[PDB]
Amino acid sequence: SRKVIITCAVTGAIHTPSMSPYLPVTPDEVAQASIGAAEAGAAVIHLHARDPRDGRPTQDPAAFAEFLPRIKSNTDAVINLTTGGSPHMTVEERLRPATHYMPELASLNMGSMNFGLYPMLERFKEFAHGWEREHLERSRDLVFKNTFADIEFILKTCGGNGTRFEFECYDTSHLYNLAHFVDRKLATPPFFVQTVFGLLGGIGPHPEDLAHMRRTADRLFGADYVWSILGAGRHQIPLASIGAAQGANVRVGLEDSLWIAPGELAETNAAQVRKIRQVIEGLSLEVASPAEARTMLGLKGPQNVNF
């Protein structure tokens, strides 16, 4: 298909509340962020939950109980639940929302890696909540763990529930890790490969980095994968644009970037969706509907989730 799938990651677990008043924190804010992103043109909504009180990341399925059914009734957009949450968290817990809610899509980080969030402390030096500075400073000695055993376990369990994955690949090794699983017939096509650029601990944001992730994926998966680009921070729209211009899909959201322009905070997820849509439109491309995305990605349908 020539339609462009816009995934919008509304809040995540990396950014903290003190960085931007626009980062969704409460169940209502997450729901509104999502419906607005979807209304703006996002076919897939990539969701994390946070504590309505202080915004700290939470993977308790309780935290999703309110917004999921609310999003589902307010938009046909595809709900995509994180199996990652915060890198500080631990496995099997991380999988509760996905295992409980049995979503059409869940995110799967394709390899253990460092996540260097501490440099954000050079831009943000004062925080409303104590957990914020800690979350960033402790990133320095934490490993985001997704071993070959962890990945196999997620694939079997969630796959068993009709849940397909957004394979988050932060470097060439992640595409090769995915290839390993594909060869073992543990994942079935099409593979939704979200190539992530610009995070310390992952591949950088250079145009050469993007071209290499594409040539690798093309060589390893051929016609069996569906490509999406995720550029962190300021690289969000330019890397998405480069990919859009050559047939890729795009991912935006306050989870990945807090900005709408140099030195200007994005007020809503929808704003970012709008901006990538101006590029998509200039390229004479059309944005994919949730129905189109479901077809392109081989998803189970909204009537088949536990919510």
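Numbering starts at 1 and runs along the sequence shown.
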{"property": "Per the entry, higher mean C-alpha B factor between 237-245 and 42-50", "result": "42-50"}
{"property": "Residue range whose averaged C-alpha B-factor is higher in the record, 173-181 or 75-83", "result": "75-83"}
{"property": "Residue, from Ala149, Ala232, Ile229, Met102, that the PDB entry assigns the highest Cα B-factor", "result": "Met102"}
{"property": "Selection from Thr216, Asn114, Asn161, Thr195 [criterion: highest C-alpha temperature factor in the record]", "result": "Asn161"}
{"property": "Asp60 - which third its CA temperature factor falls in, relative to the rest of the chain", "result": "highest"}
{"property": "Third assignment of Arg251 from its chain's C-alpha B-factors", "result": "lowest"}
{"property": "Position of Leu68 among the chain's modelled residues by C-alpha B-factor, lowest, middle or highest third", "result": "highest"}
{"property": "Chain-relative CA temperature factor third for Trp131", "result": "highest"}
{"property": "Ranked against its chain, the third holding the CA B-factor of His88", "result": "highest"}
